[PDB]
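Below sits a lone chain in structure tokens, taken as the form deposited in one PDB entry.
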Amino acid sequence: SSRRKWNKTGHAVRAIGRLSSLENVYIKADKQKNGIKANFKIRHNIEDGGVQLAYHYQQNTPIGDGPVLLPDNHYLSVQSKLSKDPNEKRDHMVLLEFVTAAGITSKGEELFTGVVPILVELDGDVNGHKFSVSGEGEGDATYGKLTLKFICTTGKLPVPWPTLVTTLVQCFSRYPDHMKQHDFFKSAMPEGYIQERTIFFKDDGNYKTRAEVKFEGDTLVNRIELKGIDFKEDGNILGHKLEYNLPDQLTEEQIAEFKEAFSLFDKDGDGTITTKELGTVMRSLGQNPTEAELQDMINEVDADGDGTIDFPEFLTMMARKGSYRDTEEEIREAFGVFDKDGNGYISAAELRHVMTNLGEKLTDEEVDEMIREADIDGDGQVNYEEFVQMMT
């Protein structure tokens, strides 16, 4: 009776917790400044327990005089992975990021068709501590992918790296087709835009940031001025009490593998999988589902609702871990897909058949290398056990 009450009440409270802990970047139109406004919350993990909240308030205004796109209300969804370079002696941060736009049922965008080089430069002043950061890398709006390496050019960074992430190129967000007209960021290019923020760290000081985001030649440049005030000396920021990265995250190798796998489905390379492409892939493997069935298949994983599957969605589908029995069975059926004649052994010809039909061109020697990598008993083919050890 008492335990039932405690448990149910706890369930309700935690439910309210999960429902109102959204970390999305919320974007509205700022029609007076002819740009946009944004607001969101960042939750940093504190060493040995706790969370440091950072309230982001944001405004963006066009640099040029050309017409821009003023969006209806929508949001950006962001995934971030922070990592270190073992061969680096300088205070630094390796950053991988995926940003995709949702929330709804130009010339500048043409500048973001392929991979674009990125230069980031920041000069900061937190409680009198001057510092500088230089970063560089690549952005691919197609997949909404960002990959950069930042370095503190003034020695040791006086603030934790995660506090600078949101400050250190939203023009590389992937906007689905039905939302192409709501992309302010790309529409402001090549002239670019000014992005200003106030970031309030709960029970601590705040950042004020002003940034110029524009094309300089072929390079997307983000030049930043940051000013931090009212920070406590032994707070989570100046005291460096924030964790660098999260656990339970996919390694960049996992993400790479999933990226190539996704590339197998994504035929035109527009960064998303349609029913036509999935149907093509399945038809190549001998399965012929109908259009209705294909749409029914897409809808199950189409989280942001656009009738297709982008790369973060594919990532979510393939990172979702079920029961161990589910995994085992998934592997068994996969083996079923590889073993065409159902004779219990995957031959080189069958592996090559599956991979070629998937879209991957590979030679005799490569297929042979794969077989050799898997062939434990050395009989020239891959049985179920070997396949499982290869898949686990």
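By rigid core we mean the largest C-alpha set that fits within 1.5 Å across both forms. Counting begins at 1, following the sequence as shown.
> Missing residues between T105 and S106 in the deposited sequence, please: none, 1 to 3, 4 to 9, or 10 or more.
Unmodelled stretch: 10 or more residues.
> Pick one of none, 1 to 3, 4 to 9 or 10 or more for the number of deposited-sequence residues not modelled between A211 and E212.
None; the chain is continuous from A211 to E212.
> Using the B-factors recorded in the PDB entry, average over the C-alpha atoms of 71-79 and of 254-262, then report which stretch comes out higher.
Of 254-262 and 71-79, the stretch with the higher C-alpha B-factor average is 254-262.
> Averaged over C-alpha atoms, is the B-factor higher for 124-132 or for 92-100 in this PDB entry?
Mean C-alpha B-factor is greater for 92-100.
> Reading the B-factor column of the entry, which of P158, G137, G322, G192 has the highest value at its C-alpha atom?
Comparing C-alpha B-factors across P158, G137, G322, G192, the maximum falls on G322.
> Quiz for you: based on the deposited Cα B-factor, which of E313, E216, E196, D203 is highest?
Max CA B-factor in the entry, restricted to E313, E216, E196, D203: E313.
> Hey, what third does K37 fall into on Cα B-factor, ranked over its chain?
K37: CA B-factor falls in the lowest third of its chain.
> Lowest, middle or highest third of the chain for the C-alpha temperature factor of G228?
Answer is lowest: the recorded C-alpha B-factor places it there.
> Of the three thirds of its chain by CA temperature factor, lowest, middle or highest, which one includes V382?
For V382, whose C-alpha B-factor we compare with every modelled residue in the chain, the answer is the lowest third.
> Split the chain's modelled residues into thirds by Cα B-factor; is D30 in the lowest, middle or highest one?
Its C-alpha B-factor belongs to the highest third of this chain's values.
> Can you work out whether the C-alpha temperature factor of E366 puts it in the lowest, middle or highest third of the chain?
Middle third by C-alpha B-factor.
This next part talks about the form deposited in another entry, which is not shown.
> Superpose on the rigid core and name the single residue from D177, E291, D230, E88 whose Cα moves by 2 angstroms or more between this form and the one not shown.
Just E291.
> Superposing on the rigid core, I want to see if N39 changes position between this form and the one not shown - specifically a Cα shift of 2 Å or more.
No, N39 moves less than 2 Å.
> Using a rigid core alignment, state whether the CA of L111 is displaced by 2 Å or more between this form and the one not shown.
The answer is no; the displacement is under 2 Å.
> Relative to the superposed rigid core, does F258 relocate between this form and the one not shown - that is, does its Cα move 2 Å or more?
Shift at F258: 2 Å or more after core fit.
> Kindly indicate if, in the other form, the C-alpha atoms of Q79 and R320 are closer or farther apart than in the structure shown, bearing in mind the change is 3 Å or more.
Relative to the displayed form, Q79 and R320 draw closer in the other form - a change of at least 3 Å between their C-alphas.
> Taking the shown form as the reference, report whether the CA atoms of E277 and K180 lie closer or farther apart in the other form; the distance changes by 3 angstroms or more.
So the answer is farther.
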